[PDB]
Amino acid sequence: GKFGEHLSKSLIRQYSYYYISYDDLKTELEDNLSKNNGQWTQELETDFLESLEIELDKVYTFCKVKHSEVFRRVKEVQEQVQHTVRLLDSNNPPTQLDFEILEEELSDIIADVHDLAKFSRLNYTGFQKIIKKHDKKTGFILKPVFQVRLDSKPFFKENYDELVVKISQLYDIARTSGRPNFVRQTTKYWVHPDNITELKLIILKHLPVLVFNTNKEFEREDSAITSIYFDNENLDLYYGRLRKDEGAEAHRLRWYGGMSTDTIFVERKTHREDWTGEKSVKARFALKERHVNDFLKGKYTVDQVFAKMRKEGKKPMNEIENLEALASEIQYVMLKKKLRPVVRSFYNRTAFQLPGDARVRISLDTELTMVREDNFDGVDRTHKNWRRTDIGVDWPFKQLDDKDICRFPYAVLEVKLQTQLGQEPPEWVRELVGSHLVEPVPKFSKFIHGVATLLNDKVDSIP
């Protein structure tokens, strides 16, 4: 009534005529009743139902025009945006200037959808308010009669749910300026044993030494990386890795820290030639030391190996089945190729990294040593074991015969960068790498070096 006409004055500026004539209908109700001394008739009702059907048809059609008009701008931009995306890969590319315009046009449609929605709703509220006022002031029933007429001609039933979702989808393309990060680097350097400490102290200031929670304080023992490499009498695996053969496997049994360590890593490296397009892999499974000799024989089955892991329930069966397939393959090769402990690789690793920072990550391998594990010269070193027991991690292994050990003259410094595009690596790294402490050099194999050095007499190809 009064609150309905006062709020009606808050209509959209541009559209004043297209809007409901509430005042004109409120006058028709009060003027006809005053004339008939507060009484409504069959004649007055049919004439008032005419006025309402005139305004309903006026609104329904305008809204059927503006609805198609705003849907036109949508079709036009949906098309232009879909073609812009196609042009991202083609010879003619779309610059950032293009997306700025597309966004500008969407913002304009957003304004229109808003105005269309505000109008449809304001009008429907008016019709509801006028029918409610008529049925009150007269004893005539018009609410369910007129509802049939409103439902047959809906402008208010517009969901906009799909339009809004589409506008956001299109706007996101303009926001993401198309269809929608750093650079890695790994360098190895030789370090002369005179600089191991100086270099360690330098790195220390910037990056802390990575210490694993060893259930006890640090001991030199805790940095030892011992790896027993396997090959046969004919040194098949060595030649394969040496000639960089496609699919060339290298088998090694690794343990971290001192002799107290019971968890042994059964590792395998598969070489993949660049022509395949596939990268080389490294795969491993953990094994208790008390089971190693028995496993390599075939006596300790793969199903026995992983029985505890299956029962533990921590790992998904898919992963377990892959680890089982791995162990099975490693077990097959050891037997079929008659592999035996051939050469031991030892070195101490000091890692340097800031927690949750990968911009710079350094590692230093020191006391690089290759020891004989074979029986190719008649001398049984292992004594039917997977490693010799006359040595531990007790470098420089003085007890060993001079011809069984190769104490490598240098240390290896590995610098792993992850530099975000546009930015540079820290100046401290650039200064260190360019200093008298490190020498530039490419990666080498401790297995190949060990076999070629210690088994010089057995090998024909020496790099």
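All residue numbers are counted from 1 along the displayed sequence.
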None, 1 to 3, 4 to 9, or 10 or more: how many residues of the deposited sequence lack coordinates between residue 180 and residue 181?
-> 10 or more
Taking the deposited Cα B-factors and averaging over 16-24 and over 451-459, the higher mean is found in 16-24
Higher avg CA temperature factor (40-48 vs 433-441, as deposited) belongs to 40-48
Candidate set 392, 240, 341, 139 [ranked by C-alpha B-factor, highest] = 139
Choose from 386, 156, 285, 255 the residue with the greatest Cα B-factor as stated in the PDB record.
-> 156
Select lowest, middle or highest to describe the third in which the CA B-factor of residue 419 falls within its chain in this entry.
-> middle
Ordered by C-alpha B-factor within the chain, which third holds residue 174? Give me lowest, middle or highest, please.
-> middle
Just say lowest, middle or highest third for the CA B-factor of residue 365 relative to the other modelled residues in its chain.
-> lowest
In terms of the chain's CA B-factor thirds, is residue 378 lowest, middle or highest?
-> middle
Binned into thirds over the chain's modelled residues, the C-alpha B-factor of residue 300 lands in the middle
